[PDB]
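There is one chain below, alone, in structure tokens, taken in the form deposited without the named molecule.
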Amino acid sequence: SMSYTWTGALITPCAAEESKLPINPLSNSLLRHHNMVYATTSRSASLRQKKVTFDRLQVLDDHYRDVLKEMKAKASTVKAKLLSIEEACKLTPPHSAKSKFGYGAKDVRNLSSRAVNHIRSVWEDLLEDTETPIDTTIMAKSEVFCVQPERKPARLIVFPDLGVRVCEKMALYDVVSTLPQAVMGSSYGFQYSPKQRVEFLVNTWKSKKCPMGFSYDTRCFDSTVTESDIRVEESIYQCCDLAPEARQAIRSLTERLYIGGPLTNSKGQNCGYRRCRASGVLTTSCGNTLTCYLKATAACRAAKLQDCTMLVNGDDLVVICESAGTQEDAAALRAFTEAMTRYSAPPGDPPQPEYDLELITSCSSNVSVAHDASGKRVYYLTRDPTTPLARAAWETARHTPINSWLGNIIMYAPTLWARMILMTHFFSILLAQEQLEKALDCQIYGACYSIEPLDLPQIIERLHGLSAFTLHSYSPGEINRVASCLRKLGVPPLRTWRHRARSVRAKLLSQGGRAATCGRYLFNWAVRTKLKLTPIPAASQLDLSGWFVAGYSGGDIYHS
């Protein structure tokens, strides 16, 4: 049972690829040490291929089947509808990868006659053929990072043609948005805004007599997912009340695509064969979450960890429980790891028990504290700012499809670093370019959105509350981490940012309107004599419903 089989053909690039950060006046005003930032390229693919190609020995036991039982029962609750081809098309991102069969994402969102007739045909074929492998393309993924303390290989993206992706949406969008919540309840991480997630963690932590927690990183999770795993997911999906055609398409998608298939490079050559999770299908986030939850829940029972609560987001897992002592927590964690390893979810970083909630990193994030205007304590979500700042420098130098910095400002608005640096840097640019009013693409939980910078104040208030503009007195841990990171990257110190912010604020106020409102609210931290901020009228009435329903990483999803 090998995760991958290779022919010798290479993972080829489609364009030329940049590795180094472009020395640029703007970039440099944010980040001086440009030689610490790199982007992944095809050149490192051979290395990723070695990490990722192995034989999986999986062995299931009583605990695993008792848990599956509970999950299938909860899935039986669910009713899911077939998306009409119209709806599926409008879910396609405008810059999605074009079809091999003579049309692109625009034609799809336009319901162009050629696109829709092809999609219809792909569907017909799905209904009638449940065994012929569906072709997937494989690419080296391009992401920027900062150089390691103690260098990362490109990740491998694997995805089917555009026509197939629209068919996935028709068959599975509703399922994939609705099921995980029903199946995992409050453990489903993607139903929560960053604030809600924090409330969950802190409340869970406080309900324990003596709390112990840990995160669990499994090594190359997609690599470890077996064909049996994928079949189990399918059976969970089939617990829904589904339209007969939906059943047929889902079965066909699982058998022809999800469990495996042939790998084709950009130059049309066969690279090999996959018998594990594809990173770029609609089900990869839902599927990872379910599978991770299923293995982790059973391992928790094997380990006899007591009063376990867990939170799961794709391959990311954190559990909080009652401590039974130092030496026995330690031993239980080894028992849990041995169970995951048998279930074919071996560890990357060996896991260690933590007794301070602030020290537990999950989704690269962690909970912290500050104080609002009234001195009241406020918990909020933060993370190490290294990657976000690296990517911010890159996006300052090279325009880009996805604007990570915008996603980061939204998700991490209350943070010390996103306020003083990210907000300040990017508003001064927009200001000078004069593109305040222009909408930009970012992503949130994998899904893509188009967002107007001048709407940031309403958005932030709605997601984080008014205190997000008044936080101060951050934790020692946060302050030190951030401080140490600016020194690391050659980022100008926070007193400089405060100075640039005063000026950006003044210019925004200058222009009145929504822009002055950005000035008032986003930059009040910057002035000595602070303003009383009162609730925004346009916030109390925002459609933020569909923002935190599910995860869609690699799912190719776009919202209005």
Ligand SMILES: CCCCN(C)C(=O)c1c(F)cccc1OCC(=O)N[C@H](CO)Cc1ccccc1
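All residue numbers are counted from 1 along the displayed sequence. Each form is matched to the other, and the largest set of C-alpha atoms that superpose within 1.5 Å is called the rigid core.
Once the structures in 5 other deposited structures of this protein are superposed via the core, the pair 339-347 and 469-477 is resolved in favour of 469-477 as the more displaced stretch (C-alpha RMS).
Across the superposed structures in 5 other deposited structures of this protein, aligned by the core, the stretch whose Cα atoms lie more distant on average is 23-31, chosen from 53-61 and 23-31. Among other compared entries that model residues flanking residue 545, every one gives it coordinates, keeping it clear of the one-third cutoff. Among other compared entries that model residues flanking residue 150, a third or more give it no coordinates. The entry shows an unbroken chain from residue 131 to residue 132, with no unmodelled residues of the deposited sequence in between.
As recorded in the PDB entry, 259-267 is the stretch of 259-267 and 222-230 with the greater mean C-alpha temperature factor. The PDB entry reports B-factors from which the mean C-alpha value can be compared for 532-540 and 547-555; the larger average falls on 532-540. Within the group 452, 124, 161, 168, the record's highest C-alpha temperature factor is found at 452. Comparing the C-alpha B-factors of 83, 335, 210, 447 in the entry, the top value falls on 210. Remark: residue 478 belongs to the lowest third of its chain, ranked by C-alpha B-factor as recorded. Ranked within its chain, residue 68 lands in the lowest third, by CA B factor from the PDB record. Placement of the Cα temperature factor of residue 311 within the chain: lowest third of the modelled residues, per the deposited record. Among all modelled residues in its chain, residue 143 ranks in the middle third by Cα B-factor. Annotation for residue 38: C-alpha temperature factor in the highest third relative to the rest of the modelled chain, per the entry.
In what follows, reference is made to the form deposited with the named molecule bound, a form of this protein that is not presented.
Steric access to the site is blocked in the shown form: after superposition of the site C-alphas, the named molecule as positioned in the deposited bound form has three or more atoms within 2.4 Å of backbone or C-beta atoms.
Remark: of stretches 69-77, 439-447, 109-117, 92-100, the one touching the named molecule in the deposited bound form is 439-447 (heavy atom within 4.5 Å). Proximity to the named molecule in the deposited bound form, taken as a non-hydrogen atom within 4.5 angstroms, holds for one residue of 298, 257, 410, 240, which is 410. Checked against the named molecule in the deposited bound form, the residues 177, 266, 428, 191 give one hit for a heavy atom within 4.5 Å, which is 191.
For the marked spot (215, 293 and 344), a heavy atom within 4.5 Å of the named molecule in the deposited bound form is absent from each of the three residues.
In the deposited bound form, residue 252 stays away from the named molecule, with no heavy atom inside 4.5 Å. The closest non-hydrogen atom of residue 134 lies beyond 4.5 Å of the named molecule in the deposited bound form.
A residue is said to contact a partner when one of its heavy atoms sits within 4.5 Å of a partner heavy atom; residue 164 fails this definition for the named molecule in the deposited bound form, lying far away.
Taking the partner from the other structure, the named molecule in the deposited bound form has no heavy atom within 4.5 Å of any heavy atom of residue 226.
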